[PDB]
Amino acid sequence: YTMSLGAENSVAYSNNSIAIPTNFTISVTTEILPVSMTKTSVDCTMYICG
Amino acid sequence: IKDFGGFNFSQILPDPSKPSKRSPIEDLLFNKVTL
Ligand SMILES: *[C@@H]1O[C@H](CO)[C@@H](O[C@@H]2O[C@H](CO)[C@@H](O[C@@H]3O[C@H](CO)[C@@H](O)[C@H](O)[C@@H]3O)[C@H](O)[C@H]2NC(C)=O)[C@H](O)[C@H]1NC(C)=O
Ligand SMILES: *[C@@H]1O[C@H](CO)[C@@H](O[C@@H]2O[C@H](CO)[C@@H](O)[C@H](O)[C@H]2NC(C)=O)[C@H](O)[C@H]1NC(C)=O
């Protein structure tokens with residue numbers, strides 16, 4: 001099929017109307033980041049000739 | 001109905017007439033960048 005970009009809505013804009021929240025939620029989100037990789041070493045002479 | 005208190009966003013909002021549906025500024029950018 002053809003990709004769909006998301007749900008479609010239309011906010012009710014007007015020149016003398018406003019929207020204000022009356023409650024709240026508290027959410028916890030996760031983020032993962034790599035900081036290092038393994039320290040390796042190679043001795044060229046033993047690798048090449050041996 | 002586009003009544004934003006005097007501000008006019010026509011050059012940045014999409015153009016219904018054109019088939020590409022791209023704003024007036026975005027069309028000049030696409031024309032201007034040709035191999
Ligand atoms: C703002 O939102 C919170 C929820 O995020 C509202 O609190 C929730 O209120 C409902 C109805 O009072 C609670 O449901 C009921 O709980 C009782 C247990 O006491 C249960 O017996 C009922 O069957 C029903 O499930 C709900 O538990 C409660 N949520 C929490 C986390 O406590 C709050 O009322 C909202 N504030 C306003 C001003 O609308
Ligand atoms: C927003 O600005 C555009 C650009 O000036 C206006 O478009 C012009 O409109 C007049 C009157 O309809 C035409 O004579 C010009 O040829 C239009 N110019 C272009 C480049 O299309 C547009 O009217 C403005 N928006 C409002 C609500 O006035």
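Numbering of ligands and ligand atoms starts at 1, following listing order. Atoms considered below: every heavy atom in the structure, side chains included; atoms not considered: hydrogens, waters and symmetry mates. We name chains A, B, ... by the order of the sequence lines, and we start the count at 1 in each one.
- At a 4.0 Å heavy-atom cut-off, the residues surrounding ligand 1 are A/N23, listed by chain and number.
- Note that OG of B/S23 and CG of B/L29 are 7.5 Å apart. Values are rounded to the nearest 0.5 Å.
- Atom 22 (C) of ligand 2 lies below 4.0 Å from at least one non-hydrogen atom of the protein.
- Under the 4.0 angstrom criterion, atom 3 (C) of ligand 2 counts as having a protein heavy-atom contact.
- Counting all heavy atoms, side chain and backbone alike, B/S10 lies closest to B/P24 at O-CD, 3.6 Å.
- The nearest protein atom to atom 1 (C) of ligand 2, hydrogens excluded, is given as B/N8 ND2, 1.4 Å; this is a heavy-atom distance.
- If you chain together hydrophobic residues whose side chains sit under 4.5 Å apart, B/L28 and B/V33 never meet in one group.
- Nearest protein heavy-atom contact of atom 20 (C) of ligand 2 is B/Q11 OE1, 4.5 Å.
- Separation of atoms CG (B/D3) and OH (A/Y13) is listed at 6.5 Å; rounding is to 0.5 Å.
- Atoms CD1 and CD, on B/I25 and B/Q11 in that order, are 5.5 Å from each other to the nearest 0.5 Å.
- Scanning all heavy atoms of the two residues, the minimum distance from B/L13 to B/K2 falls at CD1-CE, 4.1 Å.
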Anything under 3.5 Å between a donor and an acceptor, one on a side chain of residues 21-29 of chain A, the other on a protein residue two or more places apart or in another chain? List them.
none

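- When distances from atom 7 (O) of ligand 2 to the protein are checked, no heavy atom turns up under 4.0 Å.
- Atoms CG and CD1, on A/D43 and A/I48 in that order, are 9.5 Å from each other to the nearest 0.5 Å.
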